[PDB]
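Visitor: compute the structure for the input listed below.
(chains A, B, C, D, E, F, G, H, I and J, ligands or ions: 17)
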Amino acid sequence: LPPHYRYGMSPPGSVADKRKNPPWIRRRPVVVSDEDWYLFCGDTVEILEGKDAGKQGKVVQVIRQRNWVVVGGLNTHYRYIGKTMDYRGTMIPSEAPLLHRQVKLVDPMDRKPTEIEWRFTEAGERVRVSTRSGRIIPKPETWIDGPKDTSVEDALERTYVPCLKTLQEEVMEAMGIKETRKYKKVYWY
Amino acid sequence: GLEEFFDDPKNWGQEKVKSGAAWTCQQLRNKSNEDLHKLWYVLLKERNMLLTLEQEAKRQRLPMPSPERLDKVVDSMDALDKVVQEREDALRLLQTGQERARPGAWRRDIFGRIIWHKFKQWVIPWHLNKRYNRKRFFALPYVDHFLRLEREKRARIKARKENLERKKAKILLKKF
Amino acid sequence: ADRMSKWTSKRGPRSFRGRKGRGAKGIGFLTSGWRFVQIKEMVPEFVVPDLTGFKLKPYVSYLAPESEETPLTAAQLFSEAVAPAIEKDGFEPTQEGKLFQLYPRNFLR
Amino acid sequence: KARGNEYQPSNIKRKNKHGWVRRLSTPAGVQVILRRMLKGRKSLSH
Amino acid sequence: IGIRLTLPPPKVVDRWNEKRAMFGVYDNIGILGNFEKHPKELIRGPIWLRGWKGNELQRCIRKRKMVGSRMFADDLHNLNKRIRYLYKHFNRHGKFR
Amino acid sequence: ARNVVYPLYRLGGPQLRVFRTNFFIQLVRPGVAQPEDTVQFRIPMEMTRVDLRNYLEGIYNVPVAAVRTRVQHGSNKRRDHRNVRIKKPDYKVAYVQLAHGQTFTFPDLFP
RNA sequence: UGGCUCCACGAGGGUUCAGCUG
RNA sequence: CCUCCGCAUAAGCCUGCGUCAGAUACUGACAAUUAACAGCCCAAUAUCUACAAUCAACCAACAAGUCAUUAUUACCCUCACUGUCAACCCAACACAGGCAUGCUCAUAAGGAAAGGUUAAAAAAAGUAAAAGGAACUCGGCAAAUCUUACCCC
RNA sequence: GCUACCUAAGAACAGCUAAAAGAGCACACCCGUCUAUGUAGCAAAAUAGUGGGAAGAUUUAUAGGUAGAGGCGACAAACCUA
RNA sequence: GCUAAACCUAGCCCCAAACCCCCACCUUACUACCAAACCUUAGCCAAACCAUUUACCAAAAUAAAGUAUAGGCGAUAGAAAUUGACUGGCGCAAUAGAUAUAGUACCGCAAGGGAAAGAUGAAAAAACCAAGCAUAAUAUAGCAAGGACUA
Ligand SMILES: [Mg+2]
Ligand SMILES: [Mg+2]
Ligand SMILES: [Mg+2]
Ligand SMILES: [Mg+2]
Ligand SMILES: [Mg+2]
Ligand SMILES: [Mg+2]
Ligand SMILES: [Mg+2]
Ligand SMILES: [Mg+2]
Ligand SMILES: [Mg+2]
Ligand SMILES: [Mg+2]
Ligand SMILES: [Mg+2]
Ligand SMILES: [Mg+2]
Ligand SMILES: [Mg+2]
Ligand SMILES: [Mg+2]
Ligand SMILES: [Mg+2]
Ligand SMILES: [Mg+2]
Ligand SMILES: [Mg+2]
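Guide: Numbering: from 1, shown residues only, chains lettered A, B, ... in the order given. Ligands and ions are numbered 1, 2, ... in the order given. The relevant structure is shown in the block below.
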C-alpha cells in the first residue's frame, strides 16, 4: 500500500482496490491512533442507531486502521452484482461499515449495550471487564498432514547439544572432509 | 534430478496444495548444526521447485497454485540463516570479542561524510597498493561549507515534519 | 546519453564491454596467450550432505506447539558450554593456526 | 554546412571528460559533485 | 467563471474561548503591580522584536546582529542581500530627497 | 554463494568450500525449440558455468556434459505515470546439455 | 622604393572572333 | 518500375514492427542474442637489435621510415568472465542532411515515384519548335554547341 | 564529442595517360564556382544540375592536448558546442 | 447543450523550544584479489563622469550617538569610555504557500537550468453561468450605439 491511500473493506490486493485507488490520483483523507481498542474480529455487538436501530449482531471484519467495524448481516444496502451483460442479472446485498463509539458490546447474560474497560485481573493479565459490573468478557476466536510436513516430535527432536564449533567445522568433521592445508594470511587494510 | 525440480506428478494442476506451517526460529534453534545443514538443502531443493513452478505459471498465464507456500519457504530459509548467524555471532563474541564479522574503520571520505569503510582483503600491504593510495579518506576546507549546508537542509526537513505533525493534531482536536 | 540508466557491460565500446562484467567471482587468472588458468582451489566446492534417511522436511505441522522467542546470546551459549567449569571448581587464545577463523573470516556463508 | 549535430557520441570521451573519477580528481570537480549532492541530483556525474 | 458556486462551511467561533476570554490580562501589570514588570516583558515573540517596533530595514539590521550567528547559511545570505537592497532603496529612492 | 565476500586464495591454501548455498535457480521452458538433452535455466548473475555444473552435479545428481550461458537484458523502455522508466531486470540464462544422452523434456504442468 | 624582359597556371577581372542555341 | 544500392564489422543506441491478448511500430504479458568470432593480456633482473618500404628481384631515390629477442631464476593449475537482438546512430521529428572500414558493380541484396479524379490560371521541372541567330542582358546568366586570341592582377 | 591547431598509433585513394612529379583527364571521397528550387524549408544552409581538387601543403576514423582578454589561426576579428 | 466552471486538504511559511546526522562503490564510481591541503577578494555600485574614497558580509542588546572622529573635508563613513539585557500565528490554501506530487520528467557535452498537475463520497463490496461554439448564417448605410418609435 502507498501513503495517501484510503482503506476500503476490499483488501489492498484486489481489482476493486486497484480501480478505486489507481497509482495516478491524489486524494484528501477522512479524519479518524489510541491502540486501546476493544472490538475484535469475532465478537457479538449491538448496533444502536441508524438502520435497524437497537439490534444485535456478529462482528465479521474490523477496519481497525480506519475506526470501522462491519457487523454480520446488519447495516446493509444492495447492489446489482455480476450479471456480465446488459440485463438485470443478479441482486446481492453488501454490508456498509459501522462506526465505533456508536456500537457497544453485549454481555452474554445482561444482553445490553455495555462499555468495557481493560482492567488487570489476577488471572493474567489484561482481559475485558465491564465497569458497572463484573462477569469478565472472553476473547473471540483437524488438519492431518501430507507428505511434506514433519510430525511434532520430528519438529521437536531437540538434537542441539551446544558446543564451541562453527557449523563449518562441525559439518567438515561430520562428512569426513579432510583439509590438510593452511590458510595463508592476507592483508585486510 | 529434474524430476525434483518439479513437484509430485499427482499434484500437477490441483488449484490448491495442502502444505503449511513454515519453520520457526525457535524450532531451528532446537535443531543441531549438521541438521541445519541438511534442512537448508531440503529447503533449497524445494525452493528451486517453487521458483520453477512460478516461472512456468507466468509463462502459461494461469494462476499460481500456492504463492503462500513460496512465501513460507523463503521465511524458512531466512529463519535458518538467522539461527546459524546467531550461533556464529555468539561464538565470535566469545572467542574474539568482535561485534562484526568483517573488519572496518570509521573513515571520512572526500565529501566529508563519516562512513563505515569495510575492509577488503588484499595481498600486498596498504602502503604500496597504488589504487588504495589513490583513494582519499580525508576532506578539505571547502567540504566544510558544503557540510554546513547539508546539515541545515536536514534540519529544515525535520522542522517541517515536526510542525506538520503538531498541525495535524491541532486540526484533529478541532474535529473531535 | 542516458545518465539515469545503469552502466553495464552491454553499454560501451568493445574494450569497455570486455572489461566490465557482472558480479561473478574470479575463478583463476589470465596469462600470456590471453590464456586462462582456472585454479581448482579458487573454484568453490559445494558441500552437500547425504539426505537419504532423513526426517526433517521443508514444513512443519500446524499441530506443533507455540514457543516464545529466545535469541542465542553469548552469555547463554557460554553457560551451556562451560557448566563443566562449575564442575571443576575450550577457548582459543589466538587464531593463526585455525582453518575456520572467526573474526577476519576465512569461510563462506 | 548543416550545423545541428555537434554531439558525436563516444562513451570513452563521455567517461573521460565528465566522469566521476575526473570530477573527483580536481578540487573544483569535488565541489561540482558536492553541489549536485546538495541540489539533490539523482546523477552526480557521467 | 470565478465565483464559488456553493457557499462555504460555516465558520463557528468560540468567543468565550480560554485565550479569548482571558485576552488582555496582565496588561497593566506594571501600573498596578508596582512597576516590577513591563508589558513588553509580557510579549511573546522573537528575541529581536519583542518590546521594539522599527521598520523593515531596521528589523533586518537588528535580526542580523541579534540572532544572525545562529542562522542557517543561506538565510543569512538572503538577509545580507536584503539589508543591502533596502539600504540602496531607503537611502536612494522615492520622493522627498 | 552471492553477496558474500569470498576468502582470498594465495597459493596453497585450502579449497573454497561452500556450505548453505545462496544460489536459487529455476528450470524454464525453452522459448525457441532447443534440442533434446538441453535443459534451460534462469540463474543469478553471479553464478558461473562451473558453479552451475557443480550445483547440478552435487545437489541434484544430474550428469552435466556442457553448460552455456548468456545475459538477458530486460527492457528499460516502459514508463510509469510519472514518465520515469520501469526496468525489467537483467537475468542470466543457461543451457545445460545432459550427459550419456539422458534427454530431458519439459513436462506439461497445468494440464 | 629595384627596373626591364620573362614561361606556365587561375570556378579571379575585362575584351574579340567563330559557332551554337526560345 | 526503380536504387551508389545492399550485406557485414566498428562507433552509437539499449529491446525500439518476435508471439499472444487488449484497446484505439499504441498498451500489457510472454519470449529472446548460447563461443570457436571479439574483448579482458605479458613474472622479472641485466642485455641485444647500422641496415626501410615499395611484387623487392635489377633498379630508383629522399622526405630517411612500424613490426626482432637472448643467459638464468620461479612457473603444468588449465578455458572463466563479458559482448553477441532490431526496421537501430547524430540531427527536437518514422528528418531528401551527417556517418568510418571490408565486400558485391548492378545486385543473388533492397525497394515503390501515383489516396481518387479532373486537366483552368499562376508557379516548378522537362522535351520540341518555322525564319533569324545575342538583336536579350549589367554581363551569352540559363540553355545549346564547343572553341580562338588578347590584355589586367 | 562542433570547430582551429598539434600529438600518438591506423586507413583510403577505380580506370586511362604517364613513368615518381605538390603530374594530366576522371570515379570513390573532400570542397562548395554558377544557376534554379527552397524560405515556419527535407534542412536553424538543404536539393538539383554545373563545377574545383582527387598520391598529397590530401582526406579520414579512434584516443589525447591547448580554455576565455585565454586558446588557436596558411589574418577571415576567423574559429573555440546552431 | 457541449466545452467548461465550481470545491479542500496535500502540504508549505514565519517563530519558539531543543544542538543534529549482506554485497558494491575514487579504475570507465557503484568494479572481489598487487610494488597531496594551507597565499589581501575583485567588481557591479554611490560620488549624478571618474581616477583617493563608497555602507555590510569577516558573533556582539538599549543608550552614550549619528557624538568624538574620518573624508577628492565630498559623496559618504563612523566609534569608545560608560550604561538598565512551557510552542504559537489579524500566515498561504493548489497560478498561492516551498522549486517540489520532484531536484523528478524534460533541456544541455558539461557546469547547469528546471516543470506541470489532484478534487464522487459516511460507504463506489453503490444539476444554472467565462471565453469558444451549438440550438438559430445573412438583406442597402458605414466606431456598430444613442434619441426614439406602433415597429
Ligand atoms: Mg586555385
Ligand atoms: Mg533540426
Ligand atoms: Mg529484390
Ligand atoms: Mg493527389
Ligand atoms: Mg527556332
Ligand atoms: Mg537592349
Ligand atoms: Mg547589346
Ligand atoms: Mg553557362
Ligand atoms: Mg595531382
Ligand atoms: Mg563569383
Ligand atoms: Mg587554418
Ligand atoms: Mg584583414
Ligand atoms: Mg578589417
Ligand atoms: Mg558612479
Ligand atoms: Mg506551486
Ligand atoms: Mg512551481
Ligand atoms: Mg457562453
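Visitor: any idea how far residue E:61 is from residue E:80?
Guide: According to CB to CB, to the nearest Å, residue E:80 stands 11 Å off from residue E:61. In short, each C-beta sits where N, CA and C put it, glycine included.
Visitor: so for these two, which sits in the more crowded spot?
Guide: residue E:61 (17 against 13; other CB atoms under 10 Å in any protein chain shown).
Visitor: helix/strand/coil for that one?
Guide: helix (DSSP: H, G, I helix; E, B strand; the rest coil).
Visitor: how close does the closest residue to it other than its chain neighbours sit to residue B:145?
Guide: Nearest residue to residue E:61, sequence neighbours excluded (CB to CB, 6 or more residues apart in numbering or on different chains): residue E:83, at 6.2 Å. Here residue E:83 is placed at a distance of 21 Å from residue B:145 (CB to CB).
Visitor: in terms of helices and strands, where is residue B:57?
Guide: helix B:34-60 (DSSP states H and E).
Visitor: stretch C:40-55: end-to-end distance?
Guide: Terminal residues of stretch C:40-55 are spaced 35 Å apart (CA to CA, to the nearest Å).
Visitor: next, count neighbours for residue 35.
Guide: Going with chain A. 5.
Visitor: let's do chain E instead
Guide: 9.
Visitor: rewinding a little: which one of residue E:83 and residue B:145 has more residues nearby?
Guide: Shown here are residue E:83 and residue B:145; by other CB under 10 Å, residue E:83 has more neighbours (18 against 12).
Visitor: quick revisit: I'd say the residue nearest to residue E:61 and residue E:59 touch.
Guide: No - counting by CB atoms under 8 Å, residue E:59 is not a contact partner of residue E:83; they are 10.0 Å apart.
Visitor: elements contacting the one helix or strand residue C:86 maps to?
Guide: Under the criterion of DSSP H and E, residue C:86 resides in helix C:74-88. Helix C:74-88 sits against helix B:67-95, with contacts defined as 3 or more CB pairs under 8 Å, 6 or more residues apart in numbering or on different chains; DSSP states H and E.
Visitor: quick one: the helix or strand following the helix it packs on near RNA strand J?
Guide: Moving toward the C-terminus from helix B:67-95, the next helix or strand (DSSP H and E) is strand B:104-108. No - Strand B:104-108 is not in contact with RNA strand J by CB under 7 Å from any atom of the strand; minimum separation 8.2 Å.
Visitor: buried sites along strand B:104-108?
Guide: If you call a residue buried by 16 or more other CB atoms under 10 Å in any protein chain shown, then strand B:104-108 has these buried ones: residue B:108.
Visitor: do it and chain A meet?
Guide: No - counting by CB under 8 Å from any CB of the partner chain, chain A has no neighbours in strand B:104-108; the shortest distance is 8.8 Å.
Visitor: show me what that strand is packed against.
Guide: Packed next to strand B:104-108, using 3+ CB pairs under 8 Å, 6+ apart, are strand B:114-118.
Visitor: touching, residue F:19 and residue A:170? I think so.
Guide: No - in this structure residue F:19 lies outside contact range of residue A:170 using CB under 8 Å: 9.9 Å.
Visitor: picking up where we left off before, the helix holding residue B:57 and chain F in contact?
Guide: Yes - counting by CB under 8 Å from any CB, chain F has neighbours in helix B:34-60: B:37, B:40-41, B:44-45, B:47-48, B:51-57, B:59-60.
Visitor: mark which of those are buried, thanks.
Guide: The buried subset of those - by 16+ other CB under 10 Å - is B:37, B:40-41, B:44-45, B:47-48, B:51-57.
Visitor: excluding chain neighbours, what is closest to residue A:80?
Guide: Spatial nearest neighbour of residue A:80, excluding adjacent residues (CB to CB, 6+ apart): residue A:91 at 5.9 Å.
Visitor: tally of neighbours for that neighbour?
Guide: 11.
Visitor: before we move on, what about residue B:28?
Guide: Other residues near residue B:28 number 23, with proximity taken as other CB under 10 Å.
Visitor: one more: the one 3 residues further on?
Guide: Residues near residue B:31, counting by other CB under 10 Å, number 21.
Visitor: which residues in chain E form helices?
Guide: E:18-21, E:39-42, E:56-67, E:73-92 (DSSP state H).
Visitor: mind listing what residue B:26 touches?
Guide: For residue B:26, the contact set (CB atoms under 8 Å, 6 or more residues apart in numbering or on different chains) comprises C:67, C:68, C:69, C:70.
Visitor: repeat for residue C:81
Guide: A:162, A:163, A:164, C:90.
Visitor: return the member of those residues nearest to residue E:27.
Guide: Distance ranking of the contacts of residue C:81 against residue E:27, using CB to CB, places residue A:162 first at 75.8 Å.
Visitor: isn't that closest one up against residue C:77?
Guide: Yes - under the contact definition of CB under 8 Å, residue A:162 touches residue C:77, with a separation of 6.1 Å.
Visitor: tell me how many other residues surround the residue in chain C that RNA strand H sits nearest to.
Guide: Of all residues in chain C, residue C:18 sits closest to RNA strand H, at 1.9 Å by CB to the nearest atom of the strand. Neighbour count for residue C:18, taken as other CB under 10 Å: 10.
Visitor: give the helix, strand or coil label for it.
Guide: Under three-state DSSP, residue C:18 comes out as helix.
Visitor: spit out the contact partners of the residue in chain B positioned nearest to RNA strand J.
Guide: Going by CB to the nearest atom of the strand, RNA strand J is nearest to residue B:130 of chain B, at 3.4 Å. Neighbour list for residue B:130: empty [criterion: CB under 8 Å, 6+ apart].
Visitor: now it, what are its backbone angles?
Guide: phi -60, psi -40 (degrees, to the nearest 10).
Visitor: contact residues of chain F facing RNA strand H?
Guide: So far as CB under 7 Å from any atom of the strand goes, chain F lies against RNA strand H at F:28-32, F:34, F:40, F:45, F:48-50, F:68-79, F:88, F:92-93, F:95.
Visitor: what residue lies at the spatial centre of chain D?
Guide: In chain D, the residue lying closest to the centroid (CA atoms, centre = their mean) is residue D:18, at 2.9 Å.
Visitor: check chain F too.
Guide: residue F:43 (2.8 Å).
Visitor: how many residues are close by residue C:99?
Guide: Neighbours of residue C:99 (other CB under 10 Å): 18.
Visitor: next, find the distance separating it from residue B:30.
Guide: Distance, residue C:99 to residue B:30, by CB to CB: 28 Å.
Visitor: same question, residue B:136
Guide: 50 Å.
Visitor: list the buried residues in the top strand by length along chain A.
Guide: Secondary structure assigned by DSSP state E gives strand A:55-63 as the longest strand of chain A. By neighbour count with 16+ other CB under 10 Å, strand A:55-63 contains the buried residues A:57, A:59, A:61, A:62, A:63.
Visitor: RNA strand I: which of those is nearest?
Guide: When those are compared against RNA strand I (criterion: CB to the nearest atom of the strand), the nearest one is residue A:63, at 55.4 Å.
Visitor: contacting residues for that closest one?
Guide: Contacts of residue A:63 (CB under 8 Å, 6+ apart): A:7, A:9, A:69, A:70, A:97.
Visitor: contacting residues around the closest residue to residue F:62 other than its chain neighbours?
Guide: Once flanking residues are discounted, residue F:62 sits nearest to residue F:56: 4.3 Å by CB to CB, 6+ apart. Counting by CB under 8 Å, 6+ apart, residue F:56 touches B:1, F:62, F:64, F:96.
Visitor: for these, which entry has the maximal number of neighbours?
Guide: Counting by other CB under 10 Å, top hit in the contacts of residue F:56: residue F:96 with 24 neighbours.
Visitor: fine by me, we can end here.
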